[PDB]
file structure07.pdb (PDB, C-alpha atoms and all ligand atoms)
ATOM      1  CA  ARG S   1     121.925  51.995 203.495  1.00  0.00           C
ATOM      2  CA  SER S   2     123.047  50.636 200.128  1.00  0.00           C
ATOM      3  CA  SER S   3     119.998  48.913 198.653  1.00  0.00           C
ATOM      4  CA  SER S   4     117.845  50.632 196.052  1.00  0.00           C
ATOM      5  CA  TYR S   5     115.274  49.724 193.412  1.00  0.00           C
ATOM      6  CA  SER S   6     114.564  50.808 189.840  1.00  0.00           C
ATOM      7  CA  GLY S   7     111.160  49.970 188.408  1.00  0.00           C
ATOM      8  CA  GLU S   8     108.663  48.723 187.804  1.00  0.00           C
ATOM      9  CA  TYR S   9     108.983  48.759 183.988  1.00  0.00           C
ATOM     10  CA  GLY S  10     106.135  47.182 182.021  1.00  0.00           C
ATOM     11  CA  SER S  11     102.418  46.728 182.709  1.00  0.00           C
ATOM     12  CA  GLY S  12     100.283  45.388 185.530  1.00  0.00           C
ATOM     13  CA  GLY S  13      99.572  42.148 183.693  1.00  0.00           C
ATOM     14  CA  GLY S  14     100.714  38.709 184.751  1.00  0.00           C
ATOM     15  CA  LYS S  15     101.704  37.600 188.228  1.00  0.00           C
ATOM     16  CA  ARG S  16     104.453  38.826 190.527  1.00  0.00           C
ATOM     17  CA  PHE S  17     107.800  37.082 190.799  1.00  0.00           C
ATOM     18  CA  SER S  18     110.745  38.044 192.985  1.00  0.00           C
ATOM     19  CA  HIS S  19     114.318  36.777 193.312  1.00  0.00           C
ATOM     20  CA  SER S  20     114.766  38.435 196.698  1.00  0.00           C
ATOM     21  CA  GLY S  21     115.020  34.991 198.309  1.00  0.00           C
ATOM     22  CA  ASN S  22     117.702  33.929 195.791  1.00  0.00           C
ATOM     23  CA  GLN S  23     120.215  36.525 197.022  1.00  0.00           C
ATOM     24  CA  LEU S  24     121.501  34.148 199.684  1.00  0.00           C
ATOM     25  CA  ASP S  25     122.832  31.879 196.923  1.00  0.00           C
ATOM     26  CA  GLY S  26     125.319  34.491 195.739  1.00  0.00           C
ATOM     27  CA  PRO S  27     125.909  37.348 193.310  1.00  0.00           C
ATOM     28  CA  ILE S  28     124.477  37.246 189.815  1.00  0.00           C
ATOM     29  CA  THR S  29     126.739  35.067 187.665  1.00  0.00           C
ATOM     30  CA  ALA S  30     124.655  34.355 184.543  1.00  0.00           C
ATOM     31  CA  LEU S  31     121.515  35.378 182.669  1.00  0.00           C
ATOM     32  CA  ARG S  32     119.015  33.567 180.473  1.00  0.00           C
ATOM     33  CA  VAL S  33     116.609  35.645 178.406  1.00  0.00           C
ATOM     34  CA  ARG S  34     114.054  34.108 176.059  1.00  0.00           C
ATOM     35  CA  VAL S  35     113.328  36.581 173.255  1.00  0.00           C
ATOM     36  CA  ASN S  36     111.114  36.998 170.224  1.00  0.00           C
ATOM     37  CA  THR S  37     110.667  39.767 167.631  1.00  0.00           C
ATOM     38  CA  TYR S  38     108.282  41.679 169.917  1.00  0.00           C
ATOM     39  CA  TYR S  39     108.873  40.654 173.521  1.00  0.00           C
ATOM     40  CA  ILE S  40     111.025  39.461 176.333  1.00  0.00           C
ATOM     41  CA  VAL S  41     109.389  36.056 176.723  1.00  0.00           C
ATOM     42  CA  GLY S  42     111.165  34.625 179.780  1.00  0.00           C
ATOM     43  CA  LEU S  43     113.943  35.120 182.282  1.00  0.00           C
ATOM     44  CA  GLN S  44     116.210  33.067 184.516  1.00  0.00           C
ATOM     45  CA  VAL S  45     119.090  34.348 186.652  1.00  0.00           C
ATOM     46  CA  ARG S  46     121.941  32.420 188.257  1.00  0.00           C
ATOM     47  CA  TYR S  47     122.780  33.503 191.826  1.00  0.00           C
ATOM     48  CA  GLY S  48     126.147  32.072 192.767  1.00  0.00           C
ATOM     49  CA  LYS S  49     125.873  28.504 191.484  1.00  0.00           C
ATOM     50  CA  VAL S  50     122.056  28.307 191.748  1.00  0.00           C
ATOM     51  CA  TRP S  51     119.672  29.088 188.880  1.00  0.00           C
ATOM     52  CA  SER S  52     116.412  30.728 189.805  1.00  0.00           C
ATOM     53  CA  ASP S  53     113.133  29.235 188.767  1.00  0.00           C
ATOM     54  CA  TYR S  54     112.353  30.111 185.180  1.00  0.00           C
ATOM     55  CA  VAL S  55     109.623  32.724 184.700  1.00  0.00           C
ATOM     56  CA  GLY S  56     107.725  33.524 181.535  1.00  0.00           C
ATOM     57  CA  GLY S  57     106.734  31.443 178.560  1.00  0.00           C
ATOM     58  CA  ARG S  58     108.209  29.482 175.694  1.00  0.00           C
ATOM     59  CA  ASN S  59     107.397  31.345 172.452  1.00  0.00           C
ATOM     60  CA  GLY S  60     110.921  32.576 171.797  1.00  0.00           C
ATOM     61  CA  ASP S  61     114.584  31.728 171.471  1.00  0.00           C
ATOM     62  CA  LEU S  62     116.704  31.214 174.583  1.00  0.00           C
ATOM     63  CA  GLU S  63     119.794  33.419 174.878  1.00  0.00           C
ATOM     64  CA  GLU S  64     122.308  32.761 177.654  1.00  0.00           C
ATOM     65  CA  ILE S  65     125.297  34.710 178.941  1.00  0.00           C
ATOM     66  CA  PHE S  66     127.697  33.847 181.726  1.00  0.00           C
ATOM     67  CA  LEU S  67     129.341  36.765 183.442  1.00  0.00           C
ATOM     68  CA  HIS S  68     133.124  36.724 183.641  1.00  0.00           C
ATOM     69  CA  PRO S  69     134.639  36.040 187.068  1.00  0.00           C
ATOM     70  CA  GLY S  70     134.032  39.098 189.234  1.00  0.00           C
ATOM     71  CA  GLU S  71     131.883  40.870 186.625  1.00  0.00           C
ATOM     72  CA  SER S  72     128.663  42.565 187.709  1.00  0.00           C
ATOM     73  CA  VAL S  73     125.791  44.455 186.121  1.00  0.00           C
ATOM     74  CA  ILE S  74     125.926  48.183 186.966  1.00  0.00           C
ATOM     75  CA  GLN S  75     123.087  49.568 184.766  1.00  0.00           C
ATOM     76  CA  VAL S  76     120.059  48.156 182.944  1.00  0.00           C
ATOM     77  CA  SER S  77     118.173  49.872 180.136  1.00  0.00           C
ATOM     78  CA  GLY S  78     115.374  48.599 177.966  1.00  0.00           C
ATOM     79  CA  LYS S  79     112.035  49.036 176.297  1.00  0.00           C
ATOM     80  CA  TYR S  80     108.450  48.146 177.156  1.00  0.00           C
ATOM     81  CA  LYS S  81     104.891  49.024 176.261  1.00  0.00           C
ATOM     82  CA  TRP S  82     102.221  46.527 177.342  1.00  0.00           C
ATOM     83  CA  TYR S  83     104.922  43.887 177.966  1.00  0.00           C
ATOM     84  CA  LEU S  84     108.692  44.012 178.343  1.00  0.00           C
ATOM     85  CA  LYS S  85     110.370  44.206 174.927  1.00  0.00           C
ATOM     86  CA  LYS S  86     114.123  44.823 175.250  1.00  0.00           C
ATOM     87  CA  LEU S  87     116.814  44.630 177.921  1.00  0.00           C
ATOM     88  CA  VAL S  88     120.418  45.824 177.935  1.00  0.00           C
ATOM     89  CA  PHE S  89     122.594  44.801 180.893  1.00  0.00           C
ATOM     90  CA  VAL S  90     125.709  46.990 181.209  1.00  0.00           C
ATOM     91  CA  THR S  91     128.594  45.484 183.164  1.00  0.00           C
ATOM     92  CA  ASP S  92     131.564  46.801 185.110  1.00  0.00           C
ATOM     93  CA  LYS S  93     133.815  45.150 182.512  1.00  0.00           C
ATOM     94  CA  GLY S  94     132.304  47.403 179.835  1.00  0.00           C
ATOM     95  CA  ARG S  95     129.995  44.850 178.215  1.00  0.00           C
ATOM     96  CA  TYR S  96     126.542  45.824 176.908  1.00  0.00           C
ATOM     97  CA  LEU S  97     124.495  42.591 176.914  1.00  0.00           C
ATOM     98  CA  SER S  98     121.479  43.254 174.704  1.00  0.00           C
ATOM     99  CA  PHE S  99     118.302  41.222 174.230  1.00  0.00           C
ATOM    100  CA  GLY S 100     115.287  42.040 172.064  1.00  0.00           C
ATOM    101  CA  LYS S 101     114.413  44.577 169.389  1.00  0.00           C
ATOM    102  CA  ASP S 102     114.349  48.371 169.665  1.00  0.00           C
ATOM    103  CA  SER S 103     110.673  49.286 169.956  1.00  0.00           C
ATOM    104  CA  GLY S 104     108.516  50.840 172.664  1.00  0.00           C
ATOM    105  CA  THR S 105     108.956  53.148 175.638  1.00  0.00           C
ATOM    106  CA  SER S 106     112.413  53.364 177.131  1.00  0.00           C
ATOM    107  CA  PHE S 107     113.697  52.999 180.648  1.00  0.00           C
ATOM    108  CA  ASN S 108     117.237  53.515 181.888  1.00  0.00           C
ATOM    109  CA  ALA S 109     118.054  52.238 185.384  1.00  0.00           C
ATOM    110  CA  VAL S 110     121.125  53.074 187.486  1.00  0.00           C
ATOM    111  CA  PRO S 111     121.835  52.347 191.168  1.00  0.00           C
ATOM    112  CA  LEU S 112     121.255  55.074 193.738  1.00  0.00           C
ATOM    113  CA  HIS S 113     123.967  54.416 196.303  1.00  0.00           C
ATOM    114  CA  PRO S 114     127.754  54.140 196.110  1.00  0.00           C
ATOM    115  CA  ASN S 115     129.497  51.052 194.820  1.00  0.00           C
ATOM    116  CA  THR S 116     126.406  48.930 194.230  1.00  0.00           C
ATOM    117  CA  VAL S 117     125.586  46.339 191.584  1.00  0.00           C
ATOM    118  CA  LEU S 118     122.516  44.524 190.348  1.00  0.00           C
ATOM    119  CA  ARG S 119     121.806  41.965 193.070  1.00  0.00           C
ATOM    120  CA  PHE S 120     118.461  40.500 191.986  1.00  0.00           C
ATOM    121  CA  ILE S 121     115.396  41.118 189.842  1.00  0.00           C
ATOM    122  CA  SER S 122     111.643  41.088 190.359  1.00  0.00           C
ATOM    123  CA  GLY S 123     108.730  41.666 188.023  1.00  0.00           C
ATOM    124  CA  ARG S 124     105.553  40.181 186.589  1.00  0.00           C
ATOM    125  CA  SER S 125     105.155  37.266 184.189  1.00  0.00           C
ATOM    126  CA  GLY S 126     102.831  34.845 182.462  1.00  0.00           C
ATOM    127  CA  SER S 127     103.508  33.576 178.953  1.00  0.00           C
ATOM    128  CA  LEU S 128     105.731  36.686 178.604  1.00  0.00           C
ATOM    129  CA  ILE S 129     107.560  39.077 180.906  1.00  0.00           C
ATOM    130  CA  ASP S 130     104.899  41.693 181.666  1.00  0.00           C
ATOM    131  CA  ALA S 131     107.219  43.845 183.805  1.00  0.00           C
ATOM    132  CA  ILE S 132     110.663  43.961 185.422  1.00  0.00           C
ATOM    133  CA  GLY S 133     112.313  45.708 188.337  1.00  0.00           C
ATOM    134  CA  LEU S 134     115.981  45.917 189.288  1.00  0.00           C
ATOM    135  CA  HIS S 135     117.300  45.639 192.845  1.00  0.00           C
ATOM    136  CA  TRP S 136     120.728  47.136 193.584  1.00  0.00           C
ATOM    137  CA  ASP S 137     123.004  46.488 196.566  1.00  0.00           C
ATOM    138  CA  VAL S 138     126.636  46.000 197.478  1.00  0.00           C
ATOM    139  CA  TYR S 139     128.496  43.082 195.929  1.00  0.00           C
ATOM    140  CA  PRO S 140     128.228  40.307 198.541  1.00  0.00           C
ATOM    141  CA  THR S 141     131.075  39.622 200.944  1.00  0.00           C
TER     142      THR S 141
HETATM  143 CL    CL M   1     104.024  45.576 173.951  1.00  0.00          CL
END
call {"tool": "encode", "arguments": {"input": "structure07.pdb", "output": "structure tokens", "more": "lines below"}}
Ligand SMILES: [Cl-]
result
Amino acid sequence: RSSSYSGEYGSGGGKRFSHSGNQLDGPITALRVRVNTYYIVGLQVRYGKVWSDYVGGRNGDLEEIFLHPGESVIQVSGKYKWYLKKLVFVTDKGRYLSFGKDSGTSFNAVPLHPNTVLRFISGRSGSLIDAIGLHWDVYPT
């Protein structure tokens, strides 16, 4: 009734990953994004207290952000072409958490149903992030 999906943004390269089985650990509380001049290289997401497996490669610099207590992502925009290139996570505390350089084809993802937040991500990866998708749902009870 409340879940929705935005995606997939990127190419068909790489291999699928999904954090759907990480939801049970809790809401998103932190993000790691490995970045270079051209690409989103890797991703890791913290669900409650539990970091997901890392996906992607190592040819970039690791950027990390903890969300403030009770803060959630409510919109994600970005850029891609043959791989993912840029991500901006917009939060319900007004923060715009940006990773990567402005180049490529844009996407702009918002949740379909009322009062939902980013609950987990999925996508495709190898040595880079080939594609990403955003999964929205209610903030967990
Ligand atoms: Cl590209």
call {"tool": "residues_around", "arguments": {"input": "structure07.pdb", "residues": "residue 3 in chain S", "least_positions_apart": "5", "cutoff": "9 Å", "atoms": "only C-alpha atoms", "output": "number ranges by chain"}}
result
S: 111-113, 116, 135-138
call {"tool": "closest_residue", "arguments": {"input": "structure07.pdb", "among": "S:32, S:79, S:19, S:86", "to": "residue 62 in chain S", "atoms": "only C-alpha atoms"}}
result
S:32
call {"tool": "residues_near_ligand", "arguments": {"input": "structure07.pdb", "ligand": "ligand CL 1 (chain M)", "cutoff": "10 Å", "atoms": "all atoms listed in the file", "output": "PyMOL selection string"}}
result
chain S and resi 10-11+38-40+79-85+103-105+130
call {"tool": "resolve_selection", "arguments": {"input": "structure07.pdb", "expression": "the PyMOL selection byres (((chain S and resi 139) around 9) and not hetatm)", "output": "ChimeraX atom specification"}}
result
/S:27,72,115-119,137-138,140-141
call {"tool": "resolve_selection", "arguments": {"input": "structure07.pdb", "expression": "the PyMOL selection byres (((chain S and resi 35) around 6) and not hetatm)", "output": "PDB file with C-alpha atoms, in the coordinates of the input"}}
result
ATOM      1  CA  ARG S  34     114.054  34.108 176.059  1.00  0.00           C
ATOM      2  CA  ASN S  36     111.114  36.998 170.224  1.00  0.00           C
ATOM      3  CA  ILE S  40     111.025  39.461 176.333  1.00  0.00           C
ATOM      4  CA  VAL S  41     109.389  36.056 176.723  1.00  0.00           C
ATOM      5  CA  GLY S  60     110.921  32.576 171.797  1.00  0.00           C
ATOM      6  CA  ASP S  61     114.584  31.728 171.471  1.00  0.00           C
ATOM      7  CA  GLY S 100     115.287  42.040 172.064  1.00  0.00           C
TER       8      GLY S 100
END
call {"tool": "resolve_selection", "arguments": {"input": "structure07.pdb", "expression": "the PyMOL selection byres (((chain S and resi 77) around 7) and not hetatm)", "output": "list in words"}}
result
residues 75, 76, 78, 87, 88, 89, 107, 108 and 109 of chain S
call {"tool": "atom_distance", "arguments": {"input": "structure07.pdb", "atom1": "CA of residue 129 in chain S", "atom2": "CA of residue 42 in chain S"}}
result
5.8 Å
call {"tool": "atom_distance", "arguments": {"input": "structure07.pdb", "atom1": "CA of residue 124 in chain S", "atom2": "CA of residue 14 in chain S"}}
result
5.4 Å
call {"tool": "decode", "arguments": {"input": "structure07.pdb", "residues": "range 6-45 of chain S", "atoms": "N, CA and C atoms", "output": "mmCIF file, in the first residue's frame"}}
result
data_model
loop_
_atom_site.group_PDB
_atom_site.id
_atom_site.type_symbol
_atom_site.label_atom_id
_atom_site.label_comp_id
_atom_site.auth_asym_id
_atom_site.auth_seq_id
_atom_site.Cartn_x
_atom_site.Cartn_y
_atom_site.Cartn_z
ATOM 1 N N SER S 6 11.644 3.510 -7.695
ATOM 2 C CA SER S 6 12.095 4.421 -8.730
ATOM 3 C C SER S 6 13.365 3.836 -9.325
ATOM 4 N N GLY S 7 13.384 3.633 -10.629
ATOM 5 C CA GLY S 7 14.536 3.038 -11.272
ATOM 6 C C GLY S 7 14.111 2.253 -12.495
ATOM 7 N N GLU S 8 15.051 1.505 -13.061
ATOM 8 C CA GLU S 8 16.451 1.431 -12.653
ATOM 9 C C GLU S 8 17.205 2.493 -13.451
ATOM 10 N N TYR S 9 18.206 3.117 -12.842
ATOM 11 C CA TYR S 9 18.960 4.209 -13.465
ATOM 12 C C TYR S 9 20.404 3.772 -13.682
ATOM 13 N N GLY S 10 20.803 3.632 -14.949
ATOM 14 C CA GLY S 10 22.125 3.167 -15.299
ATOM 15 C C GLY S 10 22.026 2.256 -16.503
ATOM 16 N N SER S 11 22.915 1.292 -16.626
ATOM 17 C CA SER S 11 22.933 0.348 -17.727
ATOM 18 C C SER S 11 22.555 -1.047 -17.243
ATOM 19 N N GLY S 12 22.636 -2.009 -18.156
ATOM 20 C CA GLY S 12 22.468 -3.405 -17.842
ATOM 21 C C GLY S 12 23.750 -4.146 -17.541
ATOM 22 N N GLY S 13 24.862 -3.436 -17.391
ATOM 23 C CA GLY S 13 26.115 -4.062 -17.037
ATOM 24 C C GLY S 13 26.155 -4.528 -15.587
ATOM 25 N N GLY S 14 27.224 -5.251 -15.260
ATOM 26 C CA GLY S 14 27.427 -5.694 -13.896
ATOM 27 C C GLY S 14 26.426 -6.756 -13.464
ATOM 28 N N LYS S 15 26.367 -6.948 -12.148
ATOM 29 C CA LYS S 15 25.537 -7.979 -11.549
ATOM 30 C C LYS S 15 24.610 -7.361 -10.517
ATOM 31 N N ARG S 16 23.414 -7.920 -10.408
ATOM 32 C CA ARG S 16 22.408 -7.381 -9.499
ATOM 33 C C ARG S 16 22.860 -7.433 -8.046
ATOM 34 N N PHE S 17 22.510 -6.395 -7.295
ATOM 35 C CA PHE S 17 22.530 -6.432 -5.838
ATOM 36 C C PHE S 17 21.203 -5.883 -5.338
ATOM 37 N N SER S 18 20.800 -6.301 -4.138
ATOM 38 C CA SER S 18 19.608 -5.765 -3.517
ATOM 39 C C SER S 18 19.785 -5.712 -2.013
ATOM 40 N N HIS S 19 19.341 -4.617 -1.388
ATOM 41 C CA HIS S 19 19.310 -4.504 0.061
ATOM 42 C C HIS S 19 17.938 -4.809 0.634
ATOM 43 N N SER S 20 17.083 -5.499 -0.123
ATOM 44 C CA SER S 20 15.744 -5.770 0.379
ATOM 45 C C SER S 20 15.775 -6.580 1.669
ATOM 46 N N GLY S 21 16.739 -7.480 1.799
ATOM 47 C CA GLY S 21 16.913 -8.291 2.987
ATOM 48 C C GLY S 21 17.644 -7.615 4.124
ATOM 49 N N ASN S 22 18.070 -6.359 3.933
ATOM 50 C CA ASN S 22 18.659 -5.530 4.983
ATOM 51 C C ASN S 22 17.616 -4.676 5.700
ATOM 52 N N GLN S 23 16.406 -4.560 5.156
ATOM 53 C CA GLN S 23 15.394 -3.717 5.775
ATOM 54 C C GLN S 23 15.129 -4.109 7.216
ATOM 55 N N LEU S 24 15.174 -5.408 7.514
ATOM 56 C CA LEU S 24 14.847 -5.863 8.855
ATOM 57 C C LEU S 24 15.795 -5.286 9.892
ATOM 58 N N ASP S 25 16.978 -4.820 9.484
ATOM 59 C CA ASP S 25 17.933 -4.271 10.432
ATOM 60 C C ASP S 25 17.552 -2.874 10.903
ATOM 61 N N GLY S 26 16.769 -2.136 10.124
ATOM 62 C CA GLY S 26 16.320 -0.836 10.537
ATOM 63 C C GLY S 26 16.258 0.158 9.399
ATOM 64 N N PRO S 27 15.907 1.399 9.715
ATOM 65 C CA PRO S 27 15.890 2.455 8.696
ATOM 66 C C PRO S 27 17.302 2.814 8.282
ATOM 67 N N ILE S 28 17.425 3.455 7.118
ATOM 68 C CA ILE S 28 18.730 3.940 6.695
ATOM 69 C C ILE S 28 19.229 4.968 7.689
ATOM 70 N N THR S 29 20.483 4.797 8.137
ATOM 71 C CA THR S 29 21.093 5.698 9.106
ATOM 72 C C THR S 29 22.412 6.270 8.621
ATOM 73 N N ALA S 30 22.989 5.762 7.538
ATOM 74 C CA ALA S 30 24.262 6.275 7.053
ATOM 75 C C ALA S 30 24.485 5.763 5.638
ATOM 76 N N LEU S 31 25.325 6.485 4.907
ATOM 77 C CA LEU S 31 25.674 6.196 3.529
ATOM 78 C C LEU S 31 27.180 6.253 3.340
ATOM 79 N N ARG S 32 27.709 5.325 2.555
ATOM 80 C CA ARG S 32 29.064 5.404 2.035
ATOM 81 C C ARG S 32 28.984 5.359 0.519
ATOM 82 N N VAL S 33 29.673 6.281 -0.132
ATOM 83 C CA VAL S 33 29.699 6.363 -1.578
ATOM 84 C C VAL S 33 31.156 6.534 -1.972
ATOM 85 N N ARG S 34 31.684 5.603 -2.742
ATOM 86 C CA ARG S 34 33.021 5.767 -3.313
ATOM 87 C C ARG S 34 32.869 6.431 -4.676
ATOM 88 N N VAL S 35 33.668 7.465 -4.934
ATOM 89 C CA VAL S 35 33.454 8.376 -6.053
ATOM 90 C C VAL S 35 34.770 8.606 -6.782
ATOM 91 N N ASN S 36 34.715 8.719 -8.104
ATOM 92 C CA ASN S 36 35.828 9.334 -8.830
ATOM 93 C C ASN S 36 35.286 10.411 -9.770
ATOM 94 N N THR S 37 36.169 10.964 -10.607
ATOM 95 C CA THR S 37 35.842 12.097 -11.467
ATOM 96 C C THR S 37 34.727 11.771 -12.450
ATOM 97 N N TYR S 38 34.559 10.495 -12.780
ATOM 98 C CA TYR S 38 33.600 10.054 -13.784
ATOM 99 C C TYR S 38 32.422 9.282 -13.220
ATOM 100 N N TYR S 39 32.609 8.539 -12.119
ATOM 101 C CA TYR S 39 31.670 7.491 -11.759
ATOM 102 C C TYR S 39 31.390 7.440 -10.267
ATOM 103 N N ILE S 40 30.219 6.893 -9.953
ATOM 104 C CA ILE S 40 29.990 6.289 -8.646
ATOM 105 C C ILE S 40 30.618 4.907 -8.686
ATOM 106 N N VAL S 41 31.636 4.720 -7.850
ATOM 107 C CA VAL S 41 32.463 3.518 -7.855
ATOM 108 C C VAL S 41 31.928 2.426 -6.936
ATOM 109 N N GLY S 42 31.352 2.798 -5.790
ATOM 110 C CA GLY S 42 30.875 1.823 -4.830
ATOM 111 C C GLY S 42 29.878 2.438 -3.876
ATOM 112 N N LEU S 43 29.138 1.563 -3.204
ATOM 113 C CA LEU S 43 28.096 1.966 -2.283
ATOM 114 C C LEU S 43 28.041 1.026 -1.088
ATOM 115 N N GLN S 44 27.687 1.593 0.061
ATOM 116 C CA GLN S 44 27.365 0.824 1.253
ATOM 117 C C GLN S 44 26.328 1.631 2.017
ATOM 118 N N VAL S 45 25.361 0.957 2.624
ATOM 119 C CA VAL S 45 24.277 1.634 3.328
ATOM 120 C C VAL S 45 24.144 0.987 4.696
#
